[PDB]
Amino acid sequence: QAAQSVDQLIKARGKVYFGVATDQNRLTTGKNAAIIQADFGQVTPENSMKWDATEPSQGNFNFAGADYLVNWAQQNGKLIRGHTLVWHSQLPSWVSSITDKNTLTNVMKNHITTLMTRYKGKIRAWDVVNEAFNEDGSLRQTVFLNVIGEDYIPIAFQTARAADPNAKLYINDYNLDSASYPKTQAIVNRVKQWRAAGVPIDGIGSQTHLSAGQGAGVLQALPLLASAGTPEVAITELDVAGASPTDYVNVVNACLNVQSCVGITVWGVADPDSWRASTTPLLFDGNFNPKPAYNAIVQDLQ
């Protein structure tokens, strides 16, 4: 654990939190638990709340891992971002096999309602729909889009709102890091349209899985995302190949510069445990010591 807490410091700047992705396998080894307890104020389950883990068989839910994380977060006063309710990846075969509109609709609604109800009132935000956009801005042709139609997004959000009105509902996606990139501009216009039609989209989550030098672009991209008019926007899965202090600081400033940006979540604690470890993209090294990027953020926030 670092003496200076990025979460405490970002809170002092007026933001809600600075968190990290994690799960039972992380919290039970190394210095993960201690580091998160001292330097972060929010956690996102890396995999324990996904469809493949929570409902491997229809109507047969498994909350073992999810419960572990939620209980640990509450016991340690950390905010939680549910992740993720509707996503084409890590999707059980029994779901993708459904070709009937009514069937899939009811299945999607039950999955959403069941998970959100179990943790009702204990989740700050939920990534209701994840990666629903193609790189060109069109809607990704997933089993949900092909079987339910474009209405699946509005339905997912309306269903989530009803399950737990306390949680902020987010649509989450990657490659929303450049203001001139097609995807960025598209999600903004579609979210504007959905909200205008009454869809309860409280926020836009920008994964922000960056390559070296892409931090600079976020300075213009985040404000653009905020122009969609959602009450919130957030950096949800930040990591940067190379872990350059310049890229990390740029992303932090981007959020500081955006009034509606409530916080930042980095995708993991120590490099060896990153899902992109080959690029040592995190803020703590293999020895679980703060890297130059961590100190740079602290220095920026102070």
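All residue numbers refer to positions in the sequence shown, first residue = 1.
Undergrad: Using only C-alpha atoms and the B-factors in the entry, which stretch averages higher, 202 to 210 or 90 to 98?
TA: The stretch with the larger average C-alpha B-factor is 90 to 98.
Undergrad: Check the entry's C-alpha temperature factors for 168 to 176 and 192 to 200, then say which stretch has the higher mean.
TA: Stretch with the greater average CA B-factor: 192 to 200.
Undergrad: Hey, out of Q42, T236, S260, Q37, whose CA B-factor is highest in the deposited coordinates?
TA: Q37 has the highest C-alpha B-factor of those listed.
Undergrad: Which one of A243, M49, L256, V249 shows the biggest C-alpha B-factor in the PDB entry?
TA: The C-alpha B-factor peaks, among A243, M49, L256, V249, at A243.
Undergrad: Tell me, lowest, middle or highest third: where does the Cα B factor of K120 rank within its chain?
TA: As the PDB entry reports it, the C-alpha B-factor of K120 lands in the middle third of its chain.
Undergrad: Would you check the entry's CA temperature factor for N76 and let me know if it's in the chain's lowest, middle or highest third?
TA: Top third by C-alpha B-factor.
Undergrad: Using the B-factor values recorded in the entry, state whether the Cα atom of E150 falls in the lowest, middle or highest third among the modelled residues of its chain.
TA: For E150, the deposited C-alpha B-factor lands in the highest third.
Undergrad: Ranking every modelled residue in this chain by its Cα temperature factor as given in the entry, which third contains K109?
TA: As the PDB entry reports it, the C-alpha B-factor of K109 lands in the middle third of its chain.
Undergrad: Sorting by Cα B-factor within the chain, modelled residues only, which third would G217 end up in: lowest, middle or highest?
TA: Tercile = middle for this residue's CA B-factor.
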